[PDB]
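Comments concern the structure below.
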Amino acid sequence: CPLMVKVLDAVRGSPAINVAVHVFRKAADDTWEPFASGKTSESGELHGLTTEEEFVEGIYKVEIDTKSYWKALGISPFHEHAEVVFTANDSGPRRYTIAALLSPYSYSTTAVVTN
Amino acid sequence: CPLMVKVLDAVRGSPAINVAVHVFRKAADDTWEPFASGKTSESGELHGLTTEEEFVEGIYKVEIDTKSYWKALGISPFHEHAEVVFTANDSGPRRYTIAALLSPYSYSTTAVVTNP
Amino acid sequence: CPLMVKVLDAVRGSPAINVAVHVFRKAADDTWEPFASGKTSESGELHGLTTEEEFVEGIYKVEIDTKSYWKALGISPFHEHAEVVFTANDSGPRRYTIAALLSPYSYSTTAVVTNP
Amino acid sequence: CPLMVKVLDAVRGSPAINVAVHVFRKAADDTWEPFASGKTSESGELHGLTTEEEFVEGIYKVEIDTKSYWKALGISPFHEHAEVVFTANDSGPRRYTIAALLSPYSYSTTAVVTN
Ligand SMILES: O=c1cc(-c2ccc(O)c(O)c2)oc2cc(O)cc(O)c12
Ligand SMILES: O=c1cc(-c2ccc(O)c(O)c2)oc2cc(O)cc(O)c12
Ligand code: NA
Ligand code: NA
């Protein structure tokens with residue numbers, strides 16, 4: 001798998017567990033088509049979203065359902081979700097990790113792309 | 001103005017100048033309708049997007065065109081754009097500052113919300 | 001003033017008010033000498049720490065007392081304090097804004113440096 | 001080992017490799033005493049700094065030598081180093097990960113503390 005998502009909680013200092021994550025691929029008509037999805041594990045990670053065969057060059061969106069995460073912890077959040085939009089490029093490293101660090105009124109996201 | 005956007009460049013330690021910003025509002029049919037747009041000034045700030053009257057309750061998306069910014073400083077960056085999606089004014093009018101801190105493979109965004 | 005500190009609270013989406021800040025400057029003997037201190041206002045900003053005359057070249061440390069801040073909002077936080085260490089004015093006078101964004105187990109800091 | 005350090009590079013979208021990291025423990029006289037050190041690996045991680053026996057409650061400082069990292073990449077940085085200061089507390093989770101995300105004029109740090 002060439003795509004992994006990792007989510008951390010800056011309030012609790014913990015992995016963000018059981019966060020829903022939806023991946024979309026941009027279609028020729030510019031709409032976002034569902035591509036893969038899952039929930040983060042006890043380590044805050046979501047593995048196995050896709051395969052090398054399927055993750056072709058294109059524009060992808062990773063939506064992390066942060067609002068539901070915070071609400072389940074009883075904490076009032078700002079954002080509806082965190083969205084990460086990027087082009088997959090075959091000239092670069094093979095493995096993409098999309099990481100996000102969550103707070104109620106702020107988030108950070110980073111891409112770690114490696115060979 | 002009840003909505004301001006501020007953008008900083010974490011490589012240079014400077015305001016991010018001339019960053020295009022597009023704001024959308026979710027319509028009754030669930031589509032993202034264009035709401036306002038502009039670009040950051042020499043201070044990295046974008047003022048005057050909207051008015052108290054116009055910025056009603058709704059779900060808003062602030063799209064910050066980071067790729068176009070970094071396609072100009074010689075950095076092929078990772079992201080297409082930073083998208084900030086939030087419900088606004090659902091407990092009455094508030095003032096929102098949407099801040100973003102940009103690097104070529106990473107960004108942070110925070111909201112500062114105040115009650116006038 | 002050539003040195004300003006701004007602090008935001010990522011839990012509340014607000015300025016971080018009444019945050020104590022201590023600035024030190026490395027002395028010739030390598031010790032950290034007290035240089036200036038203050039606390040953030042209702043805007044989350046701390047102005048007036050120093051002057052152009054006083055803020056000479058050197059290595060400075062800005063200590064932001066985050067634990068004491070969060071020991072007041074009911075959050076036992078992780079860090080003791082955020083420390084920001086940098087060489088200043090070594091190419092002539094500059095204006096420095098040291099910004100920090102606080103969560104109980106994490107913080108970000110960025111510098112915005114401008115030439116007057 | 002109860003203490004791990006992980007460092008990422010936000011400019012290159014990569015682990016931050018070969019970054020020097022120094023850990024200190026606060027002594028009774030308030031000085032910082034060297035405790036452990038190393039360099040990050042090809043994964044941006046530094047493992048094996050200490051042991052459960054040695055990492056007793058106390059105040060620790062992790063200094064990450066960011067200036068030298070950026071200079072080796074030919075990039076002009078702001079900070080001398082990034083400093084992370086915290087109390088180790090035996091009531092909490094056993095394992096501490098100190099993570100840092102580096103840019104030339106900015107850094108983020110997070111603690112992930114787990115059982
Ligand atoms: O979004 C961020 C916004 C700001 C910020 C900094 C100065 C301001 O006058 C302001 O209105 C916002 O500072 C940051 C500082 C950080 O270290 C990380 C961040 O994400 C931000
Ligand atoms: O996105 C972030 C991701 C990570 C991160 C932390 C541990 C990992 O094993 C990893 O693969 C990524 O650490 C951060 C640490 C930060 O201080 C700020 C961030 O945005 C991140
Ligand atoms: Na309402
Ligand atoms: Na000089």
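Both ligands and their constituent atoms are indexed starting at 1 by order of listing. Letters A, B, ... are given to chains in the order of the sequence lines, protein chains preceding strands, and every chain is numbered from 1.
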| message | For the CZ atom on D/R94, are there more than 12 heavy atoms of other groups (residues, nucleotides or ligands in this structure) within a distance under 6.0 Å? | response | yes

| For ligand 1, which atoms, with element, lie under 4.0 Å from some heavy atom of B/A99? | 1 (O), 2 (C), 3 (C)

| Quick one: nearest non-hydrogen protein atom to atom 6 (C) of ligand 2, plus distance? | A/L8 CD1, 3.6 Å

| said: Within the 4.5 Å heavy-atom criterion, are C/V62 and C/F86 side-chain neighbours or not? | reply: yes

| field | Contact partition for A/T97 relative to ligand 2, non-hydrogen atoms under 4.0 Å | value | neither

| message | Check this for me - ligand 1, B/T109, N or O atoms closer than 3.5 angstrom, yes or no? | response | no

| query | By number and element, which atoms of ligand 1 are closer than 4.0 Å to a non-hydrogen atom of C/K6? | reply | 7 (C), 8 (C), 9 (O), 10 (C), 11 (O)

| Heavy-atom distance from atom 10 (C) of ligand 2 to the protein below 4.0 Å? | yes

| B/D90 near the Na ion (ligand 3): N/O/S under 3.0 Å | yes

| said: Please work out, at 4.0 Å between heavy atoms, whether the side chain, the backbone, both, or neither of D/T110 comes within that distance of ligand 2. | reply: both

| Atoms in ligand 1 flagged as close to B/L101, the criterion being non-hydrogen separation under 4.0 Å | 16 (C), 18 (C), 19 (C), 20 (O)

| Between A/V112 and ligand 2, which residue portion shows a heavy-atom distance shorter than 4.0 Å: side chain, backbone, both, or neither? | neither

